Amino acid sequence: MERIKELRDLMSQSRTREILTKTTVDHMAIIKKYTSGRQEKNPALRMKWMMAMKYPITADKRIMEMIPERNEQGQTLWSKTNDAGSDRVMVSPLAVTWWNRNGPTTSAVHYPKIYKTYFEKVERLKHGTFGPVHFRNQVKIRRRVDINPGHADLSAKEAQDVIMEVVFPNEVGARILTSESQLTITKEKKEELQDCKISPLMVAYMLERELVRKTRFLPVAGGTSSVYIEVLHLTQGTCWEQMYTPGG
Amino acid sequence: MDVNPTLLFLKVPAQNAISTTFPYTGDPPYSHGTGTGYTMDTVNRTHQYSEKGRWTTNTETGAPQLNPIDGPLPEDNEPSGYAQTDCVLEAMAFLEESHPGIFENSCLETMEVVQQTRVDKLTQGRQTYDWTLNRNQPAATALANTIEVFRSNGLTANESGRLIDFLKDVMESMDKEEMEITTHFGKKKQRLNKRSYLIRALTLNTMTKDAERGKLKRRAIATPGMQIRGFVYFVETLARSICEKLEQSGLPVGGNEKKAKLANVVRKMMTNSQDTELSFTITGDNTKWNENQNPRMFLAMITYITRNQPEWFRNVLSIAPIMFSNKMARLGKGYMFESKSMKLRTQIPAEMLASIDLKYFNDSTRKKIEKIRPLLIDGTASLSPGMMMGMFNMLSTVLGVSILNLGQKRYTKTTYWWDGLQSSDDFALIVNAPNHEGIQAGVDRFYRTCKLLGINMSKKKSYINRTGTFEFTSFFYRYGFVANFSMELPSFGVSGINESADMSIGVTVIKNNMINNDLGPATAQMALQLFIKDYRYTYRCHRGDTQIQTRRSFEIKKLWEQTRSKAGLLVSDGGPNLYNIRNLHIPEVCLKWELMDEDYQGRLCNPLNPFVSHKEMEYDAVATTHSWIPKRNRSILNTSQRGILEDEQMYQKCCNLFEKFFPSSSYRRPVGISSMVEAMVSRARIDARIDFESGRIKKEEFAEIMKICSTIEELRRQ
Amino acid sequence: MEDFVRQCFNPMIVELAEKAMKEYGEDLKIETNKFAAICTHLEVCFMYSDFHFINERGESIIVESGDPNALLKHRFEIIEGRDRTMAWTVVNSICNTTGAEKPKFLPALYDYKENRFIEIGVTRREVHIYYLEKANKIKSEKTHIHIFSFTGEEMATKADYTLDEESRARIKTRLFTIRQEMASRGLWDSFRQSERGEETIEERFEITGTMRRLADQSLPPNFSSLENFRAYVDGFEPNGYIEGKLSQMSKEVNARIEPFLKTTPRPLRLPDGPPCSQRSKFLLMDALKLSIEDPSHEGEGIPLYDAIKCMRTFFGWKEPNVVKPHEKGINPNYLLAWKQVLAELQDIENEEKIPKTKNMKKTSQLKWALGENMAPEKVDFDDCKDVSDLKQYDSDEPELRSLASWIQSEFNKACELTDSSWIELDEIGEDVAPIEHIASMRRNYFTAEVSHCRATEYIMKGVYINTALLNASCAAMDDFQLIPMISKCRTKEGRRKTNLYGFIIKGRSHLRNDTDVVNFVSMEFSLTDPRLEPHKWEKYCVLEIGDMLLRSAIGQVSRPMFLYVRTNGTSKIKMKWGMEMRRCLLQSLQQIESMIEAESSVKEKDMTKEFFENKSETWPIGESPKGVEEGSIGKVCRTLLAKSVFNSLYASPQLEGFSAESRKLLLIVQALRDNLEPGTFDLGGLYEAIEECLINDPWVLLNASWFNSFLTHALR
Amino acid sequence: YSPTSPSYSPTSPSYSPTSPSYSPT
RNA sequence: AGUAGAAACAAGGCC
RNA sequence: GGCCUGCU
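Chains as they are written, first to last, in our numbering: chain A, 42 to 289; chain B, 2 to 719; chain C, 6 to 721; chain D, 1130 to 1154.
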């Protein structure tokens, strides 16, 4: 309901109405990326030179009311000065650590689910067993492999369509799924997300990461199974080698 | 004893210890001023490798132009830009014969791409020169300004959203009797006549190149306007499609695939040869590559590629070389003066070089101005007979691959033959023969053919040695590629995005170098320790136990004291480092999940926190409060372009509201050609309708929302 | 014919039809009949939708005009003429809420009481064929289909016309009137015979006007128009043009191979001129240290307090006087600057608390030494035009300078093993896998063999100096700070120490570009008398400040102590790449690891232990009068680390150019030494390119000297 | 492991020029 | 003076 | 003196 109230308030003014009316839906990407600040040519130099200043971080306006002006000692955590081309206000890393040590708590019980690939990776590593290390020449041939341990056998476009249907049912558009496997996986995902409180964008990104298959050109010699290629840096060397059995 | 590191090569073969001879630990040379001293030199040299060409005078831009194609054959080894059209077409025809159906399939794929691409694709680019402010603006800003001017001046076919429609608008613009723009200085309307706008659309902006390794003299790099961007995009798409189908083209692939291709070629050539045949690998390099690829040859190639294709596709592909053949190279910032006696300095714009007296300059810049003056027109110099920098690397690589193919022993008609791998500006050619004079003849034939096609081999940076040892764009090969670790050294430091991003990026870089560049276990561990040390010293996030005194130490110590399981804090919050050679592929926050306190765990990854930026080398990242974004320089405020910030604020407000209405706008770019207000109102009406039909919305709320939408529509229609 | 479409229909219908045509990409100027057809279809669907409002139950009032109510409850929800995106969004939303089957193609309207779609079309061809095409197009059709031809013929599926017959009559009258107007105009036959090609869309990109006039001027010289050139290329067929032009071309254009032999290479031609001088930002070989045992690590402690405590250990201070003037400066200014720094240290010491940073007073001495008000005032060219001496900024080749003997000695001292521990790295994750244990052993070896090198002392000095300068110049951009140099190490017995080389006084540091200069007068202690290598201390202003009493193998010796004052400058990029100086360790250690692994591959067992302890197989490093002297793997590691550190310290364009152009020749020589029969097209050009880089940089000259020595020893 | 450079000359120099003793310690 | 090397910094814009 | 900028 409040969406239309905000739209009315926004269009009430002249410039906002003009931008709202003239611009079409297609130009939304251009308008979103419209910015005067150019990209950093040397990010490292700018970062090293920026942390020396006070307030090298920008945070939403809510910092004004969510974090005090100064901590116990009296070091400013945020400044009312606004950013260059946004309403975001300027804060110092003291603000980030103050949030970490005093900020509002929350139940992160759903975090392992959203980032299920990384925690599955840790699970495999924790239960893995090592063996003796062998010094012997390795014939490091270069070939294409799969880096995604649990790729769901879908193309990038097909995976994007599945994500959009699962997380954005109305925005799917003209596309209609064809393969029965796609329908089965879609139902499997939909059943387990019948009630999830995290934002739709995060769910979509997670499904995209854990469904799309990735391939990279690597100098592998022995293995090529996605579980083994994950730890390629630990079981393959110029002269040494090791036996590794991922947990599974 | 006088220690002498270079004496180590008496025992270690040069390839193995080649990392020693890469001084990639010190600051790279940086241009200290104006790139207008190198741009004039580039223009003069480009006109000096083609002076025998046929002069003329463009009848639309009204500037002199040079046409070296089909010029007199070169008589000395010096660089020559006199490409022969017949020879270029022979190379392309033989390339097609050796690879049947390459051009047809490439044209089909590119036809699909061009019919499908959207205007938004021009935003994914680097700095571009926007013709409405005569400055360098990000790609998105330049595109937005261009579209605004087009809509204002009557051009509106780009509203369809496809890129080809915007190209139609661009072409129809050049015929417009008189464009007008409304740039600020309260704003003024500046009207550009046909010729002025045409010269401004073809102009190229030139800035000096910074952070260049392996050269003593600075170069100049140019960035094209916004009208020529789309055509270049389509031509590059076609060239990439063609190169991906060529076994001898290394450009469109990554480093490891280059290694694979080069190893395959060497195995095919050296091994298949019998005992009696010799082999010789030329690790050459072409000189003045850009100053000789005449765009007219690119037009000839584009016309030969697109034979038997729809006329519209042929035209939209050919428009790019036609625009590049008439390009004007904007000089640059312009020189700067001083007065030792009077103790003052002045800056002269590059525009007034055509009118300024020559009593101020040196004995070299005076000659450069005297020689470049005839080409200047309204502060820009005609640069027809060459390229400025790349922008066609794929097509140039296609030409190189064609010339390499032209010696398959089917076109050589002689015992000697050659092949190899071509990457734009760099080649490795592998000759075979039954006797040494055969190799000599093969090398002469290759050199002469390349000279005919308009590409010159550099004779001061090429050597020929028995096959085996050789080099190729810094991938040294000694009976198997040897990994030089000094090229990837600059990547190890903290990248500088933010805390979590930096940790992920550093650990990922260490892992990748362990995989590819053969970084040993002990060296990987020392790199990890040094990276953690640098990261702590840059983010002030020391371990907490230490008595370090910094602007951030007080509450890092406080948090350390507060926590129970001190072995779970993120390295960004003063926790211990838990990585090793076996954990490099696991993101940090996912690594310490078991060791984290419930309170700290909840506070850390809290969606409500105001620092996460909702996301933005593939570094594996996890959303966390340490994903904040750095500020911007805020240097615009002093200038006269203050009003742009209000435009940014309003655009962000509108796009955030739209995001609120359409959930998928953030994920997938929103398509459609209905104005934003109409889309928002239609979505609101349908949402209310469906909710009332079966949902929570009742009659009162339905009536209120419908009347609000009605008044919104009324306000729109005004 | 645009008048007909613009007049016979309502303004809104024509407007939305224009929007649709623009969406699909067509141009109304050419495909006018398609525009009229779209407008007619839209009007048909709108008349179908309008005048229908459902209520509480399944019935409608079907008012005639202007009869709204609070219970709107629209009977129809138009789908046509909404844009593809919005149309599909609404279709998916209604299908989801109802749960029906989404039609494959876009319908026209929707039925809420019955919950099904409706498709309406306008046809000029035979009605039955169009209707059956519609029916078969709609797979498993659950949606009603309706067809309205101009002549009046009507059809549908099951004849379930769920609409008021008055609406049907109204639409029939509208179509009949439109037919009358078309017949009066005379485009009706064209519309009837033009429906076949309306569905297909052909791209009509073209070149005309200025673009064509530019294209006609962008062809090979002998062609006149683009069309003629395309006709020529299309008819092109290969007929031996390349082989025909090769013979025609001159025979002077060749690529003669000149064999490279043991006698071909010659020593590089080092420049000639006055000997070069020191250019690093801090003394390397002549660096005294006033130390004091202190149980602190890395950054613990306030640098000013540490510096003053170190200063309060040496009691031999005398009255400073100059012993090697600057030859270009105002040396009394340097003497007064040192006096002021010492007085300021006394001042801060007398104070209760030690400030984190101290800002020096803006006196004339610091003002001159730090170059304040030196920059000429910026002015526009309009008035500064007739100035007699107005010129271009002096941009000339750097002054040539020759190679001195001091750089070799500095590189020698920068490879020896000290008796301290200059680098103390933090802990790493506990090792589990056997690779981790082997790596830990090898890393212990490396960090022992590299922590004691003096090149690591230089690394730490540079890192600290650059970090301090960057942080101070980013905060106090308008005051002269005072940044003492500090470095901490563990003695041979493990006792911690803190060191004080000298002091830095940052100047005004308003840095904007990443090449600007912040001048900092650098004051350093030392024990070496400048009157031994005067050509090396060209830019310093050595003073004699004290007289130490050190203990040696003989006991008290009492040498004098000196202060090497100088001005200097560093940019925002040099400071960054000096802060990032710790990658030298990575470079050298990666090389050593590669060598050790390469050897250990042949012998199926780890070789690091005997490499570092047994003093096993050695590499040729260095050059003594007796010949080339071998060195153990430890010395190779230290030498490579020192080379990397000096590359970082003496970085410059000359080094980059020489490194590349000499790697080329080194590879050629290596190919010769492998009996690969090398060959060069133009060796003289390569030598000239190499010799162009050696101008005045001491490090580049030293590297060229090493290369000459290597060429002498190699190939022989 | 304690590094030991054959050219050590641990007794050759009477005093380290850079890191002396001066102080009574 | 100093950094630096084919041109710049050694503060700049406005009221 | 005051404001504003430290890649514009």
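A virtual CB, placed ideally from N, CA and C, is assigned to each residue, including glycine.
Given residue i as reference, the closest of the options once Cα atoms are compared
i, options, result
"residue 129/A", "111/A, 101/A, 119/A, 150/A", "101/A"
"residue 104/A", "90/A, 123/A, 113/A", "123/A"
"residue 116/B", "30/C, 134/C, 178/C, 708/C", "30/C"
"residue 44/A", "320/B, 479/B, 678/B", "678/B"
"residue 734/C", "689/C, 246/C, 334/C, 506/C", "Since the first residue shown for chain C is 6 and the last is 721, residue 734/C is missing from the structure and cannot be characterised."
Alpha-carbon to alpha-carbon, residue j and residue i
i, j, result
"residue 699/C", "residue 630/C", "26 angstroms"
"residue 523/C", "residue 508/C", "16 angstroms"
"residue 393/C", "residue 403/C", "26 angstroms"
"residue 160/A", "residue 623/B", "11 angstroms"
"residue 215/A", "residue 217/C", "40 angstroms"
"residue 277/C", "residue 1140/D", "40 angstroms"
"residue 81/B", "residue 9/B", "42 angstroms"
"residue 147/A", "residue 84/A", "33 angstroms"
"residue 356/C", "residue 144/A", "40 angstroms"
"residue 602/B", "residue 545/B", "18 angstroms"
"residue 67/A", "residue 119/B", "9 angstroms"
"residue 117/A", "residue 593/C", "44 angstroms"
Per-residue DSSP class, three states only, for residue i
i, result
"residue 126/C", "strand"
"residue 475/C", "helix"
"residue 36/C", "coil"
"residue 687/C", "coil"
"residue 283/C", "coil"
"residue 494/C", "strand"
"residue 88/A", "helix"
"residue 429/C", "coil"
"residue 20/B", "helix"
"residue 369/C", "helix"
"residue 627/C", "strand"
"residue 600/B", "helix"
"residue 203/B", "helix"
Threshold first: 3 residues or longer. Then list the beta strand (DSSP E) segments lying entirely within the segment 553 to 615 of chain C, N to C.
Taking only runs of at least 3 residues, the beta strand (DSSP E) segments lying wholly in the segment 553 to 615 of chain C are 565 to 571.
Alpha helix (DSSP H) segments (min. 4 residues) lying fully within the segment 201 to 270 of chain A
Listed in chain order, the alpha helix (DSSP H) elements of length 4 or more contained wholly in the segment 201 to 270 of chain A are 221 to 233, 241 to 252.
At which residue ranges does the segment 296 to 368 of chain B contain complete alpha helix (DSSP H) runs of 4 or more residues, listed in the order of the chain?
The segment 296 to 368 of chain B contains these whole alpha helix (DSSP H) runs: 296 to 306, 312 to 325.
Ignoring anything shorter than 3 residues, give me the beta strand (DSSP E) runs that lie fully in the segment 58 to 130 of chain C, in order along the chain.
Those beta strand (DSSP E) runs which fall completely within the segment 58 to 130 of chain C and span 3+ residues are 114 to 116, 121 to 128.
In chain order, each alpha helix (DSSP H) run of at least 4 residues that lies wholly inside the segment 67 to 150 of chain A:
With a minimum length of 4 residues, the continuous alpha helix (DSSP H) runs that stay inside the segment 67 to 150 of chain A are 69 to 74, 84 to 91, 104 to 107, 134 to 143.
At 4 residues or longer, what runs of the alpha helix (DSSP H) sit wholly inside the segment 194 to 271 of chain B?
The qualifying runs are 195 to 203, 230 to 245, 256 to 267.
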